[PDB]
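Let me begin by presenting the structure, written as structure tokens, before commenting on it.
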Ligand SMILES: Nc1cccc(/C=C/c2cc(Br)c(N)c(Br)c2)c1
Ligand SMILES: Nc1cccc(/C=C/c2cc(Br)c(N)c(Br)c2)c1
């Protein structure tokens with residue numbers, strides 16, 4: 031129900047081995063850990079959650095862009111890229127959070143399909 | 031060897047049934063038709079060419095964004111989106127041209143892999 | 031030393047009256063409110079801070095994109111757009127944080143200049 | 031009435047000394063040269079045309095991104111970035127064509143205002 035795809039605008043490639051952490055907003059307005067992983071060779075992270083666990087709520091997808099750039103020997107601007115959104119049941123069911131990274135910039139979009 | 035993927039930033043969806051025309055630059059500096067199609071339900075166009083036909087050269091991928099927006103009853107800015115690039119054999123072999131569309135803006139990137 | 035510029039990719043216009051909240055990470059790892067404002071008719075927000083006040087640190091610029099889209103009567107995807115960065119750690123710089131907004135997407139960039 | 035602004039997503043800076051060529055589609059469907067220039071130290075190019083000269087038509091703004099990246103000794107993907115649009119067809123407008131450049135990617139947006 032939740033996939034993350036990360037691309038590198040400098041090299042024209044998937045962004046491989048990027049750490050991604052997903053959080054769900056709690057009752058008390060704190061962010062609790064939900065799911066995490068590292069992007070694959072294709073820049074994707076699947077298997078984060080199941081339909082059962084992925085209930086409506088506010089989620090945060092934190093992409094560790096700073097470590098990615100440092101590993102390539104490049105100095106970046108951002109600490110991370112943050113994507114914060116509400117999951118809504120009356121919308122389509124599958125969510126892809128995509129991000130396109132540069133050292134001083136990033137783009138993100140949502141592809142929400144049935 | 032050549033794929034095109036188009037996404038809609040307004041609706042958060044693949045951009046379906048978008049016309050795409052690919053041209054190769056000729057000897058005489060004109061653009062000759064090479065391949066075309068319409069994006070699928072997943073916003074993708076595959077099957078444009080074969081390894082045999084896709085030789086080094088300058089290519090132009092023209093995405094008919096104006097018709098896409100008009101079909102959705104939205105007034106757009108651009109006539110089309112143009113992506114012009116050199117195919118180079120010493121680089122990886124598979125090229126994905128991706129575009130993310132809004133009515134007054136678009137993003138494009140290349141994912142070139144082996 | 032800190033300016034924010036926001037554009038609307040749907041309308042082809044500045045994004046006007048966008049709320050922006052800036053935080054700075056404290057010693058204790060909490061996010062302390064630092065400054066806030068709204069974009070002008072030109073999509074810009076100046077006057078957030080001073081060179082004296084804008085010390086080294088980790089800053090978070092939260093752009094209230096959901097409130098913007100909803101005020102236009104549109105239902106967007108994201109809650110906000112958050113831009114988090116270390117500033118002034120090699121001395122004072124001038125930062126422009128720019129953002130380009132669509133209902134299901136945004137991009138952001140930084141322009142950093144050394145006065 | 032026509033301005034071009036270019037930023038560099040790698041450096042976090044204006045994209046300086048970027049060549050830009052503007053064409054206008056002629057009666058005979060050819061692209062006629064209209065104006066040209068280079069971005070300044072601020073990444074901007076003004077002075078391309080006048081309200082008198084900038085009549086209705088289909089315009090192409092070609093941003094010479096390959097020449098920019100190569101002048102910095104980098105091998106980029108795209109030949110250029112081309113922005114094609116109808117202008118002034120409901121009367122005179124002011125157009126800003128903005129672009130944000132990376133070696134394998136770019137984004138472009140338009141800001142259109144009615145003076
Ligand atoms: N599923 C799939 C497969 C291959 C490529 C993509 C690209 C997504 C994507 C995201 C952002 Br953000 C921008 N700006 C761009 Br242009 C493209 C998606
Ligand atoms: N007028 C003005 C002054 C200073 C900065 C800007 C930035 C514009 C801009 C264009 C694109 Br294309 C993207 N993706 C992003 Br983000 C921002 C505009």
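Protein chains in written order, with full-length UniProt numbering: chain H, 31 to 144; chain Z, 31 to 144; chain F, 31 to 145; chain U, 31 to 145. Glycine included, every Cβ here is placed at the ideal spot set by N, Cα and C.
Grouping DSSP H, G and I as helix and E and B as strand, with all else coil, what is residue i?
i, result
"residue 69(H)", "coil"
"residue 143(F)", "strand"
"residue 98(Z)", "helix"
"residue 59(U)", "coil"
"residue 137(U)", "strand"
"residue 37(F)", "strand"
"residue 123(F)", "coil"
"residue 80(U)", "coil"
"residue 113(U)", "strand"
"residue 92(Z)", "strand"
"residue 31(Z)", "coil"
"residue 48(U)", "coil"
"residue 53(H)", "strand"
"residue 132(Z)", "strand"
"residue 43(U)", "strand"
"residue 103(U)", "coil"
"residue 86(U)", "coil"
Rounded to the nearest angstrom, what separates residue i and residue j at their Cα positions?
i, j, result
"residue 16(Z)", "residue 124(F)", "For chain Z, the structure presents residues 31 to 144; residue 16(Z) sits outside this window and is missing."
"residue 137(Z)", "residue 89(Z)", "18 Å"
"residue 45(Z)", "residue 97(Z)", "11 Å"
"residue 141(F)", "residue 113(F)", "13 Å"
"residue 72(F)", "residue 49(F)", "14 Å"
"residue 115(H)", "residue 122(F)", "34 Å"
"residue 119(F)", "residue 111(F)", "24 Å"
"residue 94(H)", "residue 41(U)", "19 Å"
"residue 139(H)", "residue 135(F)", "4 Å"
"residue 79(F)", "residue 85(F)", "10 Å"
"residue 117(U)", "residue 77(U)", "17 Å"
"residue 14(U)", "residue 43(U)", "Summary: the structure shown does not reach residue 14(U), with chain U confined to residues 31 through 145, and so no result is reported for it."
"residue 103(H)", "residue 99(U)", "19 Å"
"residue 107(Z)", "residue 63(U)", "21 Å"
"residue 109(Z)", "residue 61(F)", "45 Å"
"residue 75(H)", "residue 83(H)", "17 Å"
"residue 144(U)", "residue 32(U)", "12 Å"
"residue 133(F)", "residue 105(Z)", "16 Å"
"residue 70(H)", "residue 47(U)", "38 Å"
"residue 92(H)", "residue 55(H)", "13 Å"
"residue 58(H)", "residue 101(H)", "36 Å"
"residue 169(H)", "residue 65(F)", "Within the shown structure, residues of chain H are numbered from 31 to 144, placing residue 169(H) beyond reach of any answer."
"residue 81(Z)", "residue 81(U)", "49 Å"
Determine, using beta carbons only, whether residue i comes closer than 9 Å to chain H.
i, result
"residue 42(U)", "yes"
"residue 142(Z)", "yes"
"residue 132(F)", "yes"
Determine whether the Cβ of residue i lies closer than 9 Å to any Cβ atom of chain Z.
i, result
"residue 88(U)", "yes"
"residue 57(H)", "no"
"residue 37(H)", "yes"
"residue 114(U)", "yes"
For residue i, would you say it is in contact with chain U, using Cβ-to-Cβ distances shorter than 9 Å as the test?
i, result
"residue 70(F)", "no"
"residue 137(F)", "yes"
"residue 111(F)", "no"
Does any C-beta atom of chain F lie closer than 9 Å to the C-beta of residue i?
i, result
"residue 107(H)", "yes"
"residue 128(U)", "yes"
Discussion item. Taking contact to mean 3 or more Cβ pairs, one atom from each stretch, closer than 8 Å, check whether the stretch 33-42 of chain Z and the stretch 118-136 of chain Z are in contact.
Written reply: Because the criterion of three Cβ pairs below 8 Å is met, the stretch 33-42 of chain Z and the stretch 118-136 of chain Z touch.
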